[PDB]
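Below you'll find the structure, written out as structure tokens, and then a few comments.
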Amino acid sequence: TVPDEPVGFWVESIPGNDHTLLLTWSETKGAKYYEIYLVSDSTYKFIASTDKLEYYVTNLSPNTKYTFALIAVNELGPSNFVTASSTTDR
């Protein structure tokens with residue numbers, strides 16, 4: 001089957017850094033990789049694909065609320081999307 005939807009998707013600050021966010025999520029049944037999107041103007045814009053359980057999104061603007069969407073993917077297809085948000089507030 002396609003993978004489960006990831007859970008525990010969190011967007012975390014990096015201490016003293018207002019240009020980066022650390023995304024993390026749980027290990028997901030069936031997942032061969034994960035794909036991350038930025039939710040921008042109520043559309044999804046590709047950011048990265050990874051086989052890890054975390055990803056640093058860099059070159060962000062300070063004082064901005066960012067929302068991301070995450071899927072898990074295998075050969076059969078993707079899971080549903082899950083979202084999470086945080087800010088780069090100084």
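Letters A, B, ... go to the chains of the structure tokens in the order shown; residues in each chain start at 1; ligands are counted from 1 in the same order.
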Exercise for review: Tell me which protein, DNA and RNA residues are within 10 Å of residue 55 of chain A, counting only C-alpha atoms, leaving out same-chain ones fewer than 2 positions away, and put them as an NGL selection string.
Suggested key: :A and (11 or 21-25 or 36 or 48-53 or 57-58)
Could you dump the residues just selected with C-alpha atoms as a PDB file, in the first residue's frame?
```
ATOM      1  CA  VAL A  11       8.673  22.985  12.605  1.00  0.00           C
ATOM      2  CA  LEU A  21      13.792  26.290  10.325  1.00  0.00           C
ATOM      3  CA  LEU A  22      14.223  22.620  11.231  1.00  0.00           C
ATOM      4  CA  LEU A  23      11.436  20.348  10.104  1.00  0.00           C
ATOM      5  CA  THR A  24      11.101  16.941  11.708  1.00  0.00           C
ATOM      6  CA  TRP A  25       8.599  14.113  11.578  1.00  0.00           C
ATOM      7  CA  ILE A  36       8.306  18.876   1.605  1.00  0.00           C
ATOM      8  CA  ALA A  48      12.986  19.220  -1.032  1.00  0.00           C
ATOM      9  CA  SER A  49      12.834  15.431  -0.985  1.00  0.00           C
ATOM     10  CA  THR A  50      14.637  13.376   1.658  1.00  0.00           C
ATOM     11  CA  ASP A  51      14.923   9.888   3.063  1.00  0.00           C
ATOM     12  CA  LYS A  52      15.736  11.313   6.499  1.00  0.00           C
ATOM     13  CA  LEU A  53      13.348  12.317   9.310  1.00  0.00           C
ATOM     14  CA  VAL A  57      14.949  24.816   5.337  1.00  0.00           C
ATOM     15  CA  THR A  58      17.383  27.639   4.783  1.00  0.00           C
TER      16      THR A  58
END
```
**Study point:** Shortest interatomic distance to residue 89 of chain A - which of A:44, A:3, A:67, A:13, counting only C-alpha atoms
**Key:**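 Of A:44, A:3, A:67, A:13, the one nearest residue 89 of chain A is A:13, counting only C-alpha atoms.
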Contacts of residue 46 of chain A at 10 Å or less, counting only C-alpha atoms, minus same-chain residues fewer than 6 places along, as a tab-separated table (two decimals) with C-alpha atoms, in the first residue's frame?
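Contents of the output file out33.tsv:
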```
chain	number	residue	atom	x	y	z
A	35	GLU	CA	8.66	15.41	0.12
A	36	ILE	CA	8.31	18.88	1.60
A	37	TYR	CA	6.44	21.85	0.18
A	38	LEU	CA	6.12	25.47	1.21
A	39	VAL	CA	2.54	26.67	1.57
A	68	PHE	CA	4.96	23.51	5.28
A	69	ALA	CA	3.27	20.45	3.82
```
Exercise for review: Rank nothing, just name the residue among A:20, A:41, A:88, A:10 nearest to residue 54 of chain A, using only C-alpha atoms.
Suggested key: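 Residue with the minimum atom-to-atom distance to residue 54 of chain A: A:10.
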Practice item. Please identify all polymer residues within 7 Å of residue 29 of chain A, counting only C-alpha atoms, omitting same-chain residues fewer than 2 positions from it, and present them as a VMD selection string. Key: chain A and resid 3 to 4 27 31
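Take atom CA of residue 87 of chain A and atom CA of residue 63 of chain A: the distance between them is 6.5 Å.
Here atom CA of residue 43 of chain A is placed at a distance of 14.6 Å from atom CA of residue 84 of chain A.
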Exercise for review: Within chain A, find each residue whose DSSP state, derived from the backbone, is strand (DSSP E), and express the selection as an MDAnalysis selection string.
Suggested key: chainID A and resid 10:14 17:24 33:40 43:50 54:57 65:74 77:78 82:87
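We find atom CA of residue 34 of chain A and atom CA of residue 85 of chain A to be spaced 17.2 Å apart.
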Study note, to complete from the structure: residue 90 of chain A proximity check over A:71, A:14, A:7, A:47, using only C-alpha atoms: winner is A:14
Check your understanding: Hey, which of A:45, A:32, A:19, A:65 ends up closest to residue 79 of chain A? Count only C-alpha atoms.
Key -> A:32
Point to revise | Residue with smallest distance to residue 12 of chain A - pool A:33, A:56, A:40, A:83, counting only C-alpha atoms | key: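 Using only C-alpha atoms, residue 12 of chain A sits closest to A:56.
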